[PDB]
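Examining the three-dimensional arrangement
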Amino acid sequence: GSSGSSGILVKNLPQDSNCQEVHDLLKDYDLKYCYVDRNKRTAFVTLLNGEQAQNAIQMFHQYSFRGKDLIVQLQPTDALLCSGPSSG
């Protein structure tokens, strides 16, 4: 277990939402790829490391953008872990 969840989901996007805007927004962090989906108003961003996201999420969560509250969440990237009773 070394690699982490390096990525975040950009939900609650405006009507004129675009990557050029997102990229600049997450300037502090290093972006690898960006996929804006107007149809579903969702932009998938791939940060450098996971730790960065864990923070960038809330740090940018409900952020001020076009009078809207940009909702940032974690990526689906999961290890198919239905449950985890192991010493739970």
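Residues numbered from 1 in each chain as written, not as in the entry; some residues may be left out. Heavy atoms only, no water.

Its PDB header attributes the entry to solution NMR.

Going by the PDB entry, the protein chain carries the name KIAA1579 protein and comes from Homo sapiens. The PDB lists this entry under the title "Solution structure of RNA binding domain in BAB13405(homolog EXC-7)".

Pairing analysis gives 3 bridges linking strand β1 (residues 8-11) to strand β3 (residues 42-45), with the strands arranged antiparallel. By the bridge assignment, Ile8 is partnered in β3 with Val45. (Pairing = 2+ DSSP bridges. Helix = DSSP H or I, 4+ residues; strand = E, 2+ residues; numbered from the N terminus.)

Across all of its chains, the model carries 2 salt bridges by this definition. The residue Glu21 makes a salt bridge to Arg66 at a minimum N-O spacing of 3.0 Å. Linking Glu21 in helix α1 (residues 19-25) with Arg66 in the loop between β4 (63-65) and β5 (68-74), this pair joins segments that are 45 residues apart in sequence. Of the residues examined, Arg66 reaches a relative accessible area of 54% and is grouped as exposed. (Salt bridge = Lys/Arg side-chain N within 4 Å of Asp/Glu carboxyl O. Buried < 20%, exposed > 50% of the residue type's maximum accessible area, 1.4 Å probe, protein only.)

Counting across every chain of the model gives 1 aromatic pair. Here the guanidinium or amino end of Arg66 rests over the ring plane of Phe65, the centre of that ring lying 5.1 Å away. (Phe/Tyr/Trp six-rings, centres within 6.5 Å; stacked < 30°, edge-to-face > 60°. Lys NZ or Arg CZ within 6 Å of the ring centre and 35° of its normal.)

As a further point, take the sheet that holds β1. Pairing is antiparallel in the open sheet, where 5 strands are placed in the order β2-β3-β1-β5-β4. Only two strands of the sheet have a single partner each, and these edge strands are β2 (34-37) and β4. The average undirected angle you get between the axes of adjacent strands in this sheet is 25°. Most of the contacts of helix α2 (residues 50-60) go to β5, to which it runs at about 160°, and overall it touches β1, β4 and β5. (Axes fitted to C-alpha atoms, helices over the stretch in contact; angles between N-to-C directions. Contact = heavy atoms within 4.5 Å.)

In summary, the side chains of a regular strand alternate between the two faces of the sheet. Looking at chain direction, β2 and β3 are connected through 4 bridges and run antiparallel. The residue bridging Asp37 from the neighbouring strand is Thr42, located in β3. Connecting β2 to the next strand, β3, in antiparallel fashion are 4 residues, including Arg41 with a positive phi near 40°.

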